[PDB]
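In structure tokens, one chain follows: the form deposited in one PDB entry.
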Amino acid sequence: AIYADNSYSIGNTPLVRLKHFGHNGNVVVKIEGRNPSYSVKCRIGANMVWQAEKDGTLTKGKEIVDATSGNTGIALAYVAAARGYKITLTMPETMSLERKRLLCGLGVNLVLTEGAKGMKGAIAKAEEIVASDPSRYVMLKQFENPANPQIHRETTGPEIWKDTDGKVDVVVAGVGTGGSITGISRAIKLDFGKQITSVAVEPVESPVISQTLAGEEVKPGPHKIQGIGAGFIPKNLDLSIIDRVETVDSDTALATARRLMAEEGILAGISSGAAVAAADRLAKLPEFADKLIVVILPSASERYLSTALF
């Protein structure tokens, strides 16, 4: 029917079967680029705002404040515009002019912090702003807010169930906040009762989930897979529902995203390439031959125009 604002238009994203990956069509992708603001983080922008409203922490006149380097800022920006909230986002001054223009265009009050301080500096400044009038400001905290995996339990997971008629056997998802793999997994395992294999994907350059689960020193490192590999275990990653962790390198992520574009006609982001590369490895193991593998593509590639992708 007719959505009351664009926040309600999230999800119902398509599944497409891959032709040049997997073995006999065993790899299927969920195109979260096919969403408002071009990414999966429209679902959490919407639901974190919605839950804050229901719980009375976000009310008429209060202002959203958060620190955002990626897609959640774009998501919160469109949700705040659609629902009529002022919003201030902090981010380092190093951010691209194009991102700043997009955010400015969405009506955000942009507070640029010192370049040297990176994300710690922006998170600091956001917290500082909230401290300055905690009755005025609400910080939604995507790495810890349960409304993040909750929306994936209510929407993303049930969409995979329904569109595969319950035949999904494996879910492959890169982990940034962990919300996607957590909610999807809880839906399918707990609410639909199917003992699928849930596969976290992280960069080989920063394999903190693998290291954690091995009892090894956690050694984060730099990499180019935007949106994943935060270098710590976020509160919104439920390690209990993770069955396997696959590591992917940045070069192969990129190369895989390029192949999705050139060979499948799917315009997805670098982290989409990382997820597909991990899924293709599993898909070519005889143990996964008769299994339906659903892979989350978090974002679209026209958002990666000025990046190593293109």
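Residues carry their position along the shown sequence, with the first being 1. Note that the rigid core is defined as the largest set of C-alphas that superpose within 1.5 Å between two forms.
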| property | result |
| --- | --- |
| 98 to 106 or 185 to 193, whichever carries the higher mean Cα B-factor | 98 to 106 |
| 60 to 68 or 25 to 33, whichever carries the higher mean Cα B-factor | 60 to 68 |
| Among 137, 161, 232, 143 - the residue whose C-alpha B-factor is largest in the record | 137 |
| Candidate residues 82, 147, 129, 170, the one whose C-alpha B factor the record puts highest | 129 |
| Ranked C-alpha temperature factor of residue 221 among modelled chain residues, by third | highest |
| B-factor third for the C-alpha atom of residue 54 within its chain | highest |
| Modelled-residue ranking by C-alpha temperature factor, third containing residue 18 | lowest |
| Among modelled residues of the same chain, the CA temperature factor third for residue 155 | lowest |
| Among modelled residues of the same chain, the CA temperature factor third for residue 207 | middle |
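Below: the form deposited in another entry, not depicted.
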{"item": "Comparing forms between this form and the one not shown after core superposition, the one residue of 144, 165, 98, 216 displaced by 2 Å or more at CA", "value": "98"}
{"item": "Large Cα shift (2 Å or above) at residue 155 between this form and the one not shown, core-fitted", "value": "no"}
{"item": "Core superposition between this form and the one not shown, C-alpha change of residue 67 at least 2 Å", "value": "yes"}
{"item": "Core-superposed C-alpha of residue 177 shifting 2 Å or more between this form and the one not shown", "value": "no"}
